[PDB]
Amino acid sequence: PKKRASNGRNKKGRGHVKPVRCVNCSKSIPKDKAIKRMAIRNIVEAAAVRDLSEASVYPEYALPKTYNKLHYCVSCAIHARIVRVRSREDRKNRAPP
Amino acid sequence: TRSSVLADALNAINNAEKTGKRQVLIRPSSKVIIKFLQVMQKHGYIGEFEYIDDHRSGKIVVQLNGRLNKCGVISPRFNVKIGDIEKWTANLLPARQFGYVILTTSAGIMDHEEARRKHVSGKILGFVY
Amino acid sequence: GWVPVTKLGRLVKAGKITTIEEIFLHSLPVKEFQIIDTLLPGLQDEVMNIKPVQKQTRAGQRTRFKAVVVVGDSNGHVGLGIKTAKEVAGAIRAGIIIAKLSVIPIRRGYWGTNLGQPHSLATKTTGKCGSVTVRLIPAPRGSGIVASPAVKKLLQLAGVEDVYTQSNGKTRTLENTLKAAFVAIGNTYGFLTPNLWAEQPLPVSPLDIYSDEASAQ
Amino acid sequence: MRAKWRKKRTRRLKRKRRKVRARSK
Amino acid sequence: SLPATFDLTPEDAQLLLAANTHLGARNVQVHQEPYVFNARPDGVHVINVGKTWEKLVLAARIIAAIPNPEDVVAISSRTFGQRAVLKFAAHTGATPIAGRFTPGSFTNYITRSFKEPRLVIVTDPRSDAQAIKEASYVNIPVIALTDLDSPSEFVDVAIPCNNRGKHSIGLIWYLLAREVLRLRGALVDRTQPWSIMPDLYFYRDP
Amino acid sequence: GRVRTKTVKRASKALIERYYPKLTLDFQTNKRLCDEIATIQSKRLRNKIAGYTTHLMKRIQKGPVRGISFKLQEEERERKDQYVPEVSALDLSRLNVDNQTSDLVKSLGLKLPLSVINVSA
Amino acid sequence: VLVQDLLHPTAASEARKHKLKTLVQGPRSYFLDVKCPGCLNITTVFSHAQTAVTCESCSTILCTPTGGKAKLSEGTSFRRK
Amino acid sequence: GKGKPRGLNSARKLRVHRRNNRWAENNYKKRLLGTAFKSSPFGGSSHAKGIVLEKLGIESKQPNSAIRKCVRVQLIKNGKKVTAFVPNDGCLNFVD
Amino acid sequence: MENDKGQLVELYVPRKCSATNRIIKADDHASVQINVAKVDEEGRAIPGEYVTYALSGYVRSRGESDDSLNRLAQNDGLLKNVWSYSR
RNA sequence: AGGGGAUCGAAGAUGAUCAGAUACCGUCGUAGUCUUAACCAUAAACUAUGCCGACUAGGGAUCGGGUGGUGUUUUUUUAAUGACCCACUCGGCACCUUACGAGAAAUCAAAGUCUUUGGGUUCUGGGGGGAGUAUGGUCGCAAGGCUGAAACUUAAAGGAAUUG
C-alpha cells in the first residue's frame with residue numbers, strides 16, 4: 001500500500017527536479033531521491049600518516065582530506081549496506097544518527 | 001465563495017458546539033441568520049448573542065450555552081406544501097416532540113409547529129435540535 | 001463464597017447499593033460479574049454466535065473459538081459480550097461474564113404523545129462499528145420489532161417492543177451488527193432532549209454516602 | 001504481463017488489421 | 001468563601017524567590033497561558049504565584065473532601081520528587097506509588113499492587129502519562145503538578161509550578177502537604193513557621 | 001552458568017518477606033531454619049534457596065531494595081510517616097506579589113493585608 | 001479555552017493579531033505632521049509614503065517610499081498628527 | 001458538497017446525469033438494448049421446443065470430475081444450436 | 001421522561017457536564033465527579049457539607065478540565081482571580 | 001523539412017553466459033539525444049487526494065513581504081545603516097504529536113464538520129474478463145489520440161491489515 005508519507009523523495013510542490021546518475025550502476029534518479037553521502041576521507045590510510053611525515057621535507061604537514069559526493073540509487077545503496085530496511089514504525093525516524 | 005451565509009452560519013455553530021465552546025462567531029452577519037437566531041433564542045436553544053455592526057456588514061458573536069446538539073441547514077431551500085411538512089420533519093427530526101425545522105414564509109421565519117398552527121408554509125431554511 | 005475485591009463489590013456486600021441504575025447514575029465502573037448477579041437476579045441470556053477462528057501457526061490451524069452472548073432482562077438493561085476461548089462451552093461462560101460486566105441501560109421513549117408506558121426508543125440513534133451502521137428508528141406502539149433475526153433478539157432482550165433498524169454496510173457480519181446495535185442502542189442517554197435541560201443538584205457519590213464500609217485496614 | 005506490453009501487442013495487432021482492412025478497401 | 005488567612009507573607013515569598021518555583025521553561029502551551037504573567041528578555045516564561053497558590057488551595061479542598069486519606073494515590077516517577085511524595089504520605093494517608101506505576105493498578109484487580117483510589121496526585125504528567133490514562137477507565141479525579149509546557153490532558157486541577165527546580169518540587173509538596181494538614185484538623189493557627197528549614201523534602205545526592 | 005532460575009527466586013522472595021527477623025547472616029545457620037519453615041523436597045534446592053537468601057539478606061540490611069516488603073520496614077517507614085508539627089512554615093510571620101494580587105483582594109469584597117512586591121514587566 | 005472575551009480583548013491581542021482578522025478592520029497606519037527647516041508650510045504625510053513627497057513652497061524631498069513605512073530623509077522633523 | 005448539482009433549478013442536469021449513469025446497470029442495459037429479444041436463443045421466452053441432434057459427453061468443470069450428459073439441440077424459433085443438460089439419473093437412456 | 005400522569009418512568013436523570021452542559025454517558029469511564037469541601041473559621045474544611053462538580057470525559061480528553069473548572073470556581077468564590085475571561 | 005552532430009544510445013553487429021541467450025555483461029554503432037519552424041497531445045502528467053467557501057488543535061521551524069525594539073551586528077564604537085535576534089502577523093511549500101472526528105484499515109489536521117445524511121459546482125465508477133477491443137465518427141503526415149460497445153465467459157478478481 002502507501003508505504004511512505006513522502007513517497008520516496010524530498011519532493012513537495014515541484015513536479016520535476018533533475019535526473020542524476022548513480023556512482024555504481026549509473027541509473028538515472030531524482031537528485032533528492034538519491035542517497036547523499038559526503039564521503040570525507042583522506043588520500044591515505046589512518047596508520048599511513050606516520051610515514052608521510054617521516055618521508056616529507058615538510059615537518060609540519062597539512063594532511064589533505066578529499067571530498068566526494070556519492071549519489072546512490074536505493075537499489076545500489078541497500079545492496080551496498082549504505083542503508084538498511086527499517087521497522088515500519090521506525091521508518092518515520094528521520095534522524096541521521 | 002460563500003454560496004449561503006445561512007449554511008456557513010449553522011455549519012460554524014455545529015463545529016464549535018461539538019467542540020463545546022461557550023461562544024461562536026459568525027460572518028458576514030445577515031438578518032436571515034439573525035432572524036434564525038431569534039427563533040432559537042425564544043426556544044432557549046441559543047443564549048445571548050452580541051451583534052457587532054461594523055461598516056462592512058459586521059459580524060456576530062454567539063454565547064451559546066452548550067444547549068443544542070445539532071442545528072443544520074437544508075440547502076437549497078426546497079419548497080414545501082403543508083400536506084407534506086410532516087413528511088419533511090420525519091426525515092430531519094430526531095423526534096416529533098422536540099426538534100424543529102425552520103420555514104421561511106411571507107408571514108415570517110418560524111419553526112414548523114407554529115407554521116402549522118398559524119397554517120402557512122413556504123421554503124425550508126434549516127433544522128434545529 | 002464470593003469475596004469482593006473492588007470497593008463497589010465490598011460496598012454492595014454491605015447491601016447498601018440495591019439499585020442498578022445508581023451504578024449508571026454515577027457511571028460506576030464494573031469489574032465483578034457478581035455485582036449484576038446480586039443486583040439483577042432476574043437476568044437471562046442467549047448465545048448468538050459459535051464461530052471457529054484459527055491462528056495459522058507452525059503447528060497449524062489451532063482453532064480458537066469466539067462466541068458472542070447478549071444478556072439483559074426486558075426491564076431496560078442489555079449487555080453484549082464477545083470472548084475467544086479454546087473450549088466451546090467455556091467460551092459461553094467466558095463471554096457471558098464479560099457481558100455481565102458490559103451491561104448498559106436503555107432510555108425507553110414514546111413514539112408520539114406520552115400515553116401509557118414507554119414502548120420504543122425516544123430518538124433515532126447513531127451506531128457504527130466497523131463498516132456496519134445500525135440506525136434505531138422509533139416506531140409507533142404495536143408496530144413490532146423490524147430488524148435482522150440476530151439483531152431483533154437483542155432488542156427483545158432489551159425489552160423494547162417497537163423499533164425500526166436501518167442497517168448499513170456489511171450487515172452480513174454478525175459480530176459488528178451486534179456491536180453496532182449495541183453502540184447505537186446505548187446512544188439514547190448520550191442524546192439530549194429539552195425535558196432534560198433542567199439542572200439537577202448533581203447527586204453525590206453513594207461510594208461515599210453509603211461510604212467506606214469495608215476494607216477496614 | 002504489464003499493462004504496457006498487453007497494450008503494445010494489441011497496438012501491433014491494430015496496426016496489422018488496418019493495413020489488411022484497407023488492403024481490400 | 002475563603003478566610004483572610006491565605007496570604008503569601010514576604011518571608012515565604014522570598015523563600016519562593018529562592019525556591020525558583022515561579023519561573024518556567026522557555027515555552028508554554030495555550031492551556032497554561034492563564035497561569036503566566038509575562039516573559040523575560042532572555043526568552044523565558046514566568047508563573048505567577050497568585051494563580052497557583054489559589055489553585056493549590058482548591059486542590060486541598062478536594063483532597064479534604066476525601067473522607068479516607070488512605071484511598072488517595074500520590075504518584076512520583078523520578079528521584080526529583082520521589083522523596084517528597086513518600087514524605088508527603090508522611091503527613092496523611094496518601095497511598096503512595098514510587099517510580100514505576102505498574103500499569104494495570106486501577107483495573108486488573110488480579111495484580112498485587114491493585115488499588116481503588118478516589119483521587120490521584122501526579123508530580124509530572126510527562127513522566128506519568130500512563131496513570132492519568134488509567135484514570136480514564138475507573139473515573140478517578142486527577143490533580144496534576146503541571147509545568148507551563150506540560151501537556152494538560154485528562155487532568156482536573158493543574159498546579160502551575162516548576163518541575164525543574166529541586167527547591168520547587170518539594171516546596172509545592174511542602175505547601176500541598178501543609179494546608180491539607182491545616183484542613184485535616186488539630187493544626188494551630190498560622191502565626192509561626194515550621195520547626196526547621198523546609199529543605200527537608202528535597203532529595204540529596206546520595 | 002550458575003544463574004538462579006525463577007522458582008528459587010520466588011521461594012527466596014517468599015522467605016525474606018515472612019521471616020526477615022529470623023534470618024541470619026551466616027549461610028549454614030539460616031540454611032537450617034529453611035528446613036522447618038519451608039517445604040523443600042530436595043536437599044540441593046534447600047541449599048540454593050538458602051544460597052539466594054544470603055545474597056538478598058546481605059543486600060537488605062545495607063539499605064532496603066525494591067521488591068521486598070515486610071512489617072518492620074512498613075512500621076519503620078510509618079515512623080517517618082507521622083512527622084507533623086503543631087504549625088508550619090506557611091504562616092503570618094511577617095500578599096508579596098505583583099500588582100495583580102492587589103486586584104486579587106478587592107475582587108470579592110474582602111480585606112487582606114496587601115503588601116505587594118512588583119514582578120518584573 | 002472556549003470561554004474568551006473576544007468582545008473586549010486586552011490591548012496585547014489587537015497589536016498581536018492581523019488588522020483584517022481583528023473585530024473591526026480598523027487602519028493601523030496614520031498620517032504624520034512633518035516639517036523641514038527650509039520651509040514655512042506644514043505637510044501631512046501618510047505613514048507609508050507610496051510616492052515622493054515635496055513641499056509646495058520649497059522644492060524638497062521628504063520621504064522616499066518603500067514596501068512599508070517610508071524611510072524619511074535625514075533632515076526631516078516628523079510628528080504624529 | 002456531495003459532488004452533485006443541488007441547486008433548486010438544476011433538475012435537468014440531475015436528470016441527464018442519471019440518464020447517462022443508469023446505463024452502467026446490467027439489468028437496465030439488457031432491457032434498453034433488448035439483447036434478450038435480439039441476441040439470445042430465447043426471444044424473451046421461458047421455454048422453446050427443439051430437436052436433439054447428438055448426445056455429447058462434457059467434462060465437468062473441475063473440481064468436479066464427471067461426464068455431464070448433454071444433448072445438442074436445434075431451436076425451432078430461431079434455428080440456433082445449443083446444448084442442453086438432461087436432469088435426473090440416466091435419462092439419456094430415456095431419450096433418443 | 002414522565003408519562004401522561006407524572007410518575008417519571010426513567011432509569012435515572014443523567015448528569016450534565018457543568019463545564020459544557022453536555023449529557024453524561026452511561027459508560028463514560030473518563031467522566032469524573034469531584035467534590036469540594038466548604039471551609040469555615042480559622043481555615044478548617046468541615047466534612048458534612050460539600051459542593052459537587054461534574055466533568056464529562058470529553059472535556060478531560062481535550063485537556064480543558066482545568067480551565068473549565070476555573071470557570072466553575074471563579075463564579076462560586078473558590079478562587080478570586082484564576083480564570084481570566086479577557087486576555 | 002533544415003541546421004547541428006561531443007557523449008550516450010533503440011535497431012543492428014559482435015565477444016561472453018546458459019542447455020538455449022538475438023536478454024541481462026563488455027566493445028562498436030544507426031535513428032535519436034541538441035537546435036530552427038511545425039506537428040501529435042500522451043505518462044505511475046501522482047500529493048494515485050477535482051475547484052471555490054467557512055469552521056474545528058496545538059506546536060515548531062522554513063520561504064517571501066510587512067510591523068515594533070534606545071536588542072546584536074556592520075569606517076566613524078547611541079553618526080552617514082544591510083545581515084541577524086526577539087515579539088508578531090499575511091500568504092506558501094510542507095512538517096511533529098494527538099486523535100477529539102472519520103475511515104475497511106493503512107492512515108488523514110485534512111481523507112475532519114457524511115445515516116445528528118443537504119454550502120455551491122464540474123467530471124467519473126457500477127463484479128472481473130472480453131476491452132480501452134470491434135465498429136462508426138473526428139483529429140493527425142503518420143504514429144496514433146478522443147468518443148466507445150456488444151456477443152461470449154467466469155464466481156469471484158480486488159483493498160487494508162493478522163498469523164504462518
# chains A, B, ... in the order shown; residues from 1 in each chain; ligands from 1
>>> interface_residues(of="chain J", to="chain E", cutoff="9 Å", atoms="only C-alpha atoms (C1' of nucleotides)", output="MDAnalysis selection string")
chainID J and resid 58:59 86
>>> interface_residues(of="chain J", to="chain I", cutoff="12 Å", atoms="only C-alpha atoms (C1' of nucleotides)", output="ChimeraX atom specification")
/J:57-58,98-100
>>> closest_residue(among="E:101, E:37, E:137, E:53", to="residue 173 of chain E", atoms="only C-alpha atoms")
E:53
>>> select_by_dssp(residues="segment 2-44 of chain G", states="strand (DSSP E)", output="ChimeraX atom specification")
/G:31-35,43-44
>>> atom_distance(atom1="atom CA of residue 79 of chain B", atom2="atom CA of residue 164 of chain C")
28.2 Å
>>> residues_around(residues="segment 26-32 of chain A", least_positions_apart="2", cutoff="10 Å", atoms="only C-alpha atoms (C1' of nucleotides)", output="short mmCIF file (atom, residue, chain, number, x, y, z; two decimals) with N, CA, C and O atoms, in the first residue's frame")
data_model
loop_
_atom_site.label_atom_id
_atom_site.label_comp_id
_atom_site.auth_asym_id
_atom_site.auth_seq_id
_atom_site.Cartn_x
_atom_site.Cartn_y
_atom_site.Cartn_z
N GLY A 8 8.98 8.59 -1.85
CA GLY A 8 10.32 8.12 -1.54
C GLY A 8 11.29 9.27 -1.56
O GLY A 8 12.51 9.09 -1.41
N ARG A 9 10.76 10.47 -1.71
CA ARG A 9 11.52 11.61 -2.21
C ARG A 9 11.28 12.84 -1.35
O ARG A 9 10.21 13.01 -0.75
N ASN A 10 12.30 13.69 -1.30
CA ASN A 10 12.19 15.00 -0.67
C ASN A 10 11.70 16.03 -1.68
O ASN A 10 12.32 17.06 -1.94
N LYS A 11 10.54 15.73 -2.27
CA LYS A 11 9.99 16.50 -3.38
C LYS A 11 8.54 16.82 -3.08
O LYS A 11 7.68 15.93 -3.11
N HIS A 16 8.96 18.17 -10.90
CA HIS A 16 10.17 17.67 -11.52
C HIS A 16 11.35 18.38 -10.89
O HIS A 16 11.27 19.57 -10.60
N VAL A 17 12.45 17.65 -10.67
CA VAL A 17 13.62 18.29 -10.10
C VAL A 17 14.87 18.14 -10.98
O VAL A 17 15.37 19.14 -11.50
N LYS A 18 15.36 16.91 -11.17
CA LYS A 18 16.53 16.64 -12.00
C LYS A 18 16.82 15.15 -12.04
O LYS A 18 16.58 14.45 -11.04
N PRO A 19 17.33 14.62 -13.15
CA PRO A 19 17.87 13.26 -13.13
C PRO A 19 19.35 13.26 -12.78
O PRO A 19 20.13 14.11 -13.22
N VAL A 20 19.75 12.28 -11.97
CA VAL A 20 21.13 12.12 -11.52
C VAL A 20 21.50 10.65 -11.65
O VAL A 20 20.71 9.77 -11.30
N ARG A 21 22.71 10.39 -12.14
CA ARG A 21 23.18 9.02 -12.28
C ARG A 21 23.80 8.53 -10.98
O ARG A 21 24.16 9.31 -10.09
N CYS A 22 23.92 7.21 -10.86
CA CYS A 22 24.44 6.57 -9.66
C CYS A 22 25.90 6.18 -9.85
O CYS A 22 26.31 5.78 -10.94
N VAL A 23 26.67 6.29 -8.77
CA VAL A 23 28.11 6.07 -8.85
C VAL A 23 28.49 4.61 -8.95
O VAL A 23 29.68 4.30 -9.06
N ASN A 24 27.52 3.70 -8.91
CA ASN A 24 27.80 2.27 -9.01
C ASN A 24 27.22 1.65 -10.27
O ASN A 24 27.95 1.05 -11.06
N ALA A 34 18.01 10.45 -4.30
CA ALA A 34 19.29 9.79 -4.15
C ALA A 34 19.70 9.70 -2.69
O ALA A 34 19.21 10.44 -1.83
N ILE A 35 20.61 8.77 -2.41
CA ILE A 35 21.21 8.65 -1.09
C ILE A 35 22.51 9.44 -1.11
O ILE A 35 23.50 9.04 -1.73
N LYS A 36 22.51 10.57 -0.42
CA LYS A 36 23.61 11.52 -0.44
C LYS A 36 24.57 11.24 0.71
O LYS A 36 24.15 11.19 1.88
N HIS A 71 26.34 9.93 -5.04
CA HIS A 71 24.89 9.93 -5.23
C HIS A 71 24.47 8.52 -5.60
O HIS A 71 24.88 8.00 -6.64
N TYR A 72 23.65 7.91 -4.76
CA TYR A 72 23.37 6.49 -4.82
C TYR A 72 21.90 6.22 -5.04
O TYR A 72 21.04 6.83 -4.39
N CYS A 73 21.60 5.30 -5.95
CA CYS A 73 20.26 4.77 -6.06
C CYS A 73 20.02 3.77 -4.94
O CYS A 73 20.94 3.09 -4.49
N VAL A 74 18.77 3.68 -4.50
CA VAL A 74 18.45 2.80 -3.38
C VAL A 74 18.68 1.35 -3.75
O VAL A 74 18.95 0.52 -2.87
N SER A 75 18.55 1.00 -5.03
CA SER A 75 18.89 -0.35 -5.46
C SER A 75 20.34 -0.68 -5.13
O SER A 75 20.64 -1.76 -4.62
N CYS A 76 21.25 0.25 -5.42
CA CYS A 76 22.66 0.05 -5.09
C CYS A 76 22.93 0.28 -3.61
O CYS A 76 23.76 -0.41 -3.02
#
>>> interface_residues(of="chain I", to="chain E", cutoff="8 Å", atoms="only C-alpha atoms", output="PyMOL selection string")
chain I and resi 29-45+47+50+57+59-67+69+77-84
>>> write_last_selection(atoms="N, CA, C and O atoms", output="short mmCIF file (atom, residue, chain, number, x, y, z; two decimals), in the first residue's frame")
data_model
loop_
_atom_site.label_atom_id
_atom_site.label_comp_id
_atom_site.auth_asym_id
_atom_site.auth_seq_id
_atom_site.Cartn_x
_atom_site.Cartn_y
_atom_site.Cartn_z
N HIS I 29 -16.33 6.27 31.25
CA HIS I 29 -15.45 6.00 32.38
C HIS I 29 -14.40 7.09 32.55
O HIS I 29 -13.79 7.18 33.62
N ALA I 30 -14.18 7.92 31.53
CA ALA I 30 -13.33 9.09 31.71
C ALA I 30 -14.05 10.20 32.47
O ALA I 30 -13.39 11.01 33.13
N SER I 31 -15.38 10.26 32.38
CA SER I 31 -16.13 11.29 33.08
C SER I 31 -15.95 11.14 34.58
O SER I 31 -16.00 10.03 35.12
N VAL I 32 -15.76 12.26 35.26
CA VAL I 32 -15.44 12.24 36.68
C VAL I 32 -16.26 13.31 37.40
O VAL I 32 -16.59 14.36 36.84
N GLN I 33 -16.60 13.01 38.65
CA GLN I 33 -17.30 13.94 39.54
C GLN I 33 -16.39 14.24 40.72
O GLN I 33 -15.97 13.33 41.43
N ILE I 34 -16.10 15.52 40.93
CA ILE I 34 -15.21 15.95 42.01
C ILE I 34 -16.05 16.62 43.09
O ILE I 34 -17.04 17.29 42.81
N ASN I 35 -15.64 16.41 44.34
CA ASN I 35 -16.27 17.04 45.49
C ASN I 35 -15.32 18.07 46.06
O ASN I 35 -14.12 17.83 46.19
N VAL I 36 -15.86 19.24 46.41
CA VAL I 36 -15.09 20.29 47.05
C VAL I 36 -15.73 20.59 48.40
O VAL I 36 -16.95 20.71 48.50
N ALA I 37 -14.90 20.68 49.43
CA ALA I 37 -15.38 20.93 50.78
C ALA I 37 -15.79 22.40 50.94
O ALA I 37 -15.52 23.25 50.09
N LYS I 38 -16.46 22.68 52.04
CA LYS I 38 -16.78 24.04 52.45
C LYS I 38 -15.99 24.38 53.70
O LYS I 38 -16.02 23.64 54.69
N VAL I 39 -15.29 25.51 53.66
CA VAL I 39 -14.40 25.90 54.74
C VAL I 39 -15.13 26.84 55.68
O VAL I 39 -16.16 27.43 55.34
N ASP I 40 -14.58 27.00 56.88
CA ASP I 40 -15.18 27.82 57.92
C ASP I 40 -14.05 28.56 58.64
O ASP I 40 -12.93 28.66 58.14
N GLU I 41 -14.36 29.08 59.83
CA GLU I 41 -13.44 29.92 60.58
C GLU I 41 -12.11 29.20 60.82
O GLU I 41 -12.03 27.97 60.81
N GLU I 42 -11.06 30.01 61.01
CA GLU I 42 -9.68 29.56 61.23
C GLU I 42 -9.25 28.48 60.24
O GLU I 42 -8.46 27.60 60.56
N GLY I 43 -9.76 28.57 59.01
CA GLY I 43 -9.27 27.77 57.91
C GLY I 43 -9.36 26.27 58.11
O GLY I 43 -8.35 25.57 57.98
N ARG I 44 -10.54 25.76 58.44
CA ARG I 44 -10.74 24.33 58.61
C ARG I 44 -11.94 23.90 57.77
O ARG I 44 -13.05 24.38 57.99
N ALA I 45 -11.70 23.01 56.81
CA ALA I 45 -12.78 22.49 55.98
C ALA I 45 -13.59 21.47 56.77
O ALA I 45 -13.03 20.56 57.37
N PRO I 47 -16.14 18.45 57.05
CA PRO I 47 -16.96 17.38 56.49
C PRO I 47 -18.43 17.60 56.80
O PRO I 47 -18.80 18.16 57.83
N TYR I 50 -20.61 19.92 51.19
CA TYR I 50 -19.64 19.76 50.12
C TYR I 50 -20.32 20.07 48.79
O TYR I 50 -21.42 19.59 48.53
N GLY I 57 -16.11 13.12 30.22
CA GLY I 57 -14.84 12.56 29.77
C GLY I 57 -14.31 13.25 28.53
O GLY I 57 -13.09 13.28 28.31
N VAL I 59 -14.35 16.47 27.97
CA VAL I 59 -13.61 17.65 28.42
C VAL I 59 -12.23 17.25 28.92
O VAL I 59 -11.23 17.92 28.64
N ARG I 60 -12.15 16.15 29.68
CA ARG I 60 -10.86 15.67 30.15
C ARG I 60 -9.98 15.25 28.99
O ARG I 60 -8.76 15.47 29.02
N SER I 61 -10.57 14.64 27.97
CA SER I 61 -9.81 14.23 26.80
C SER I 61 -9.15 15.43 26.12
O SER I 61 -7.97 15.40 25.78
N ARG I 62 -9.92 16.51 25.95
CA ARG I 62 -9.39 17.74 25.35
C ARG I 62 -8.42 18.47 26.25
O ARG I 62 -7.78 19.42 25.80
N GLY I 63 -8.28 18.05 27.51
CA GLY I 63 -7.39 18.72 28.41
C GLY I 63 -7.89 20.06 28.90
O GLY I 63 -7.09 20.93 29.24
N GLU I 64 -9.21 20.24 28.93
CA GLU I 64 -9.81 21.50 29.34
C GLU I 64 -10.49 21.38 30.70
O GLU I 64 -11.11 22.33 31.18
N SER I 65 -10.33 20.23 31.36
CA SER I 65 -10.85 20.06 32.71
C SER I 65 -10.37 21.17 33.65
O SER I 65 -11.11 21.60 34.54
N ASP I 66 -9.14 21.63 33.47
CA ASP I 66 -8.57 22.62 34.39
C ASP I 66 -9.22 23.99 34.23
O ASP I 66 -9.80 24.54 35.18
N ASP I 67 -9.15 24.57 33.02
CA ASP I 67 -9.69 25.91 32.81
C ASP I 67 -11.19 25.95 33.02
O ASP I 67 -11.72 26.91 33.60
N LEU I 69 -12.88 24.14 35.02
CA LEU I 69 -13.06 24.16 36.47
C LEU I 69 -12.87 25.57 37.02
O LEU I 69 -13.64 26.01 37.88
N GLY I 77 -16.75 31.47 43.96
CA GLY I 77 -15.97 32.08 45.02
C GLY I 77 -14.85 31.23 45.58
O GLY I 77 -14.21 31.65 46.54
N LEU I 78 -14.60 30.05 45.00
CA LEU I 78 -13.49 29.23 45.48
C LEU I 78 -12.17 29.96 45.30
O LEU I 78 -11.31 29.95 46.19
N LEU I 79 -11.98 30.60 44.15
CA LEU I 79 -10.77 31.35 43.84
C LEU I 79 -11.16 32.76 43.42
O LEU I 79 -12.26 32.98 42.90
N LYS I 80 -10.26 33.71 43.65
CA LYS I 80 -10.58 35.10 43.37
C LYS I 80 -10.37 35.43 41.89
O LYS I 80 -11.32 35.75 41.18
N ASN I 81 -9.13 35.33 41.41
CA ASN I 81 -8.82 35.61 40.01
C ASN I 81 -7.85 34.54 39.52
O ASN I 81 -6.63 34.67 39.66
N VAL I 82 -8.40 33.47 38.95
CA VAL I 82 -7.62 32.44 38.29
C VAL I 82 -8.00 32.28 36.83
O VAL I 82 -7.13 32.10 35.97
N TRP I 83 -9.29 32.37 36.52
CA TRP I 83 -9.80 32.26 35.15
C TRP I 83 -9.96 33.67 34.60
O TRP I 83 -10.87 34.40 35.01
N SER I 84 -9.08 34.05 33.68
CA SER I 84 -9.12 35.37 33.07
C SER I 84 -10.06 35.31 31.87
O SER I 84 -9.73 34.74 30.83
#
>>> residues_around(residues="segment 37-52 of chain B", least_positions_apart="4", cutoff="10 Å", atoms="only C-alpha atoms (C1' of nucleotides)", output="VMD selection string")
(chain B and resid 9 to 10 22 to 26 29 31 to 33 57 to 69 71 99 to 100 102 109 to 111 128 to 129) or (chain C and resid 194 197) or (chain G and resid 7 23 to 24)
>>> residues_around(residues="residue 1 of chain I", least_positions_apart="3", cutoff="7 Å", atoms="only C-alpha atoms (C1' of nucleotides)", output="ChimeraX atom specification")
/I:8-10
>>> write_last_selection(atoms="N, CA, C and O atoms", output="CSV table (one decimal), in the first residue's frame")
chain,number,residue,atom,x,y,z
I,8,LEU,N,-42.4,9.8,36.8
I,8,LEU,CA,-41.3,9.7,35.8
I,8,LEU,C,-40.9,8.2,35.7
I,8,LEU,O,-40.5,7.6,36.6
I,9,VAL,N,-41.0,7.7,34.4
I,9,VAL,CA,-40.6,6.4,34.1
I,9,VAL,C,-39.3,6.5,33.4
I,9,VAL,O,-39.2,6.7,32.1
I,10,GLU,N,-38.2,6.5,34.2
I,10,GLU,CA,-36.9,6.8,33.7
I,10,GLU,C,-35.9,6.1,34.6
I,10,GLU,O,-36.0,6.3,35.9
>>> select_by_dssp(residues="chain G", states="alpha helix (DSSP H)", output="PyMOL selection string")
chain G and resi 11-16
>>> interface_residues(of="chain G", to="chain E", cutoff="12 Å", atoms="only C-alpha atoms", output="number ranges by chain")
G: 1-4, 12
>>> interface_residues(of="chain I", to="chain G", cutoff="6 Å", atoms="only C-alpha atoms", output="PyMOL selection string")
chain I and resi 85-87
>>> interface_residues(of="chain B", to="chain C", cutoff="8 Å", atoms="only C-alpha atoms", output="PyMOL selection string")
chain B and resi 67+69+94-98
>>> write_last_selection(atoms="N, CA and C atoms", output="PDB file, in the first residue's frame")
ATOM      1  N   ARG B  67     -26.243  24.187  24.706  1.00  0.00           N
ATOM      2  CA  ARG B  67     -27.575  23.681  24.979  1.00  0.00           C
ATOM      3  C   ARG B  67     -28.103  22.813  23.847  1.00  0.00           C
ATOM      4  N   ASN B  69     -27.809  20.485  20.313  1.00  0.00           N
ATOM      5  CA  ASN B  69     -26.907  19.410  19.931  1.00  0.00           C
ATOM      6  C   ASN B  69     -26.574  19.386  18.449  1.00  0.00           C
ATOM      7  N   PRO B  94     -34.962  14.270  14.921  1.00  0.00           N
ATOM      8  CA  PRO B  94     -34.712  13.100  15.776  1.00  0.00           C
ATOM      9  C   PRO B  94     -35.976  12.592  16.436  1.00  0.00           C
ATOM     10  N   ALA B  95     -36.866  13.497  16.827  1.00  0.00           N
ATOM     11  CA  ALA B  95     -38.147  13.107  17.386  1.00  0.00           C
ATOM     12  C   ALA B  95     -39.176  14.182  17.080  1.00  0.00           C
ATOM     13  N   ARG B  96     -40.436  13.765  17.110  1.00  0.00           N
ATOM     14  CA  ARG B  96     -41.548  14.686  16.931  1.00  0.00           C
ATOM     15  C   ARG B  96     -41.655  15.667  18.089  1.00  0.00           C
ATOM     16  N   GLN B  97     -41.545  15.171  19.322  1.00  0.00           N
ATOM     17  CA  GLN B  97     -41.798  16.017  20.482  1.00  0.00           C
ATOM     18  C   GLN B  97     -40.823  17.181  20.568  1.00  0.00           C
ATOM     19  N   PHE B  98     -39.584  16.988  20.121  1.00  0.00           N
ATOM     20  CA  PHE B  98     -38.564  18.016  20.240  1.00  0.00           C
ATOM     21  C   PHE B  98     -37.712  18.062  18.982  1.00  0.00           C
TER      22      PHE B  98
END
>>> interface_residues(of="chain D", to="chain J", cutoff="10 Å", atoms="only C-alpha atoms (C1' of nucleotides)", output="list in words")
residues 7, 10, 11, 14 and 15 of chain D
>>> closest_atom_pairs(of="chain C", to="chain E", cutoff="12 Å", atoms="only C-alpha atoms", output="CSV")
residue,atom,partner,partner_atom,distance
C:4,CA,E:109,CA,10.3
C:5,CA,E:109,CA,7.1
C:6,CA,E:116,CA,6.8
C:7,CA,E:116,CA,6.9
C:8,CA,E:116,CA,9.4
C:9,CA,E:116,CA,11.4
C:10,CA,E:116,CA,11.5
C:26,CA,E:139,CA,9.7
C:27,CA,E:139,CA,8.3
C:28,CA,E:139,CA,7.8
C:29,CA,E:138,CA,5.8
C:30,CA,E:138,CA,8.7
C:31,CA,E:107,CA,7.7
C:32,CA,E:109,CA,9.6
C:204,CA,E:65,CA,11.8
C:205,CA,E:118,CA,10.8
C:207,CA,E:118,CA,9.3
C:208,CA,E:67,CA,7.9
C:209,CA,E:67,CA,10.2
C:211,CA,E:67,CA,8.6
C:212,CA,E:68,CA,7.8
C:213,CA,E:68,CA,11.2
C:214,CA,E:68,CA,11.9
C:215,CA,E:71,CA,10.3
C:216,CA,E:70,CA,10.4
C:217,CA,E:70,CA,9.3
>>> residues_around(residues="residue 148 of chain J", least_positions_apart="2", cutoff="12 Å", atoms="only C-alpha atoms (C1' of nucleotides)", output="JSON, numbers by chain")
{"J": [131, 132, 133, 134, 135, 136, 137, 146, 150]}
>>> atom_distance(atom1="atom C1' of residue 106 of chain J", atom2="atom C1' of residue 157 of chain J")
20.8 Å
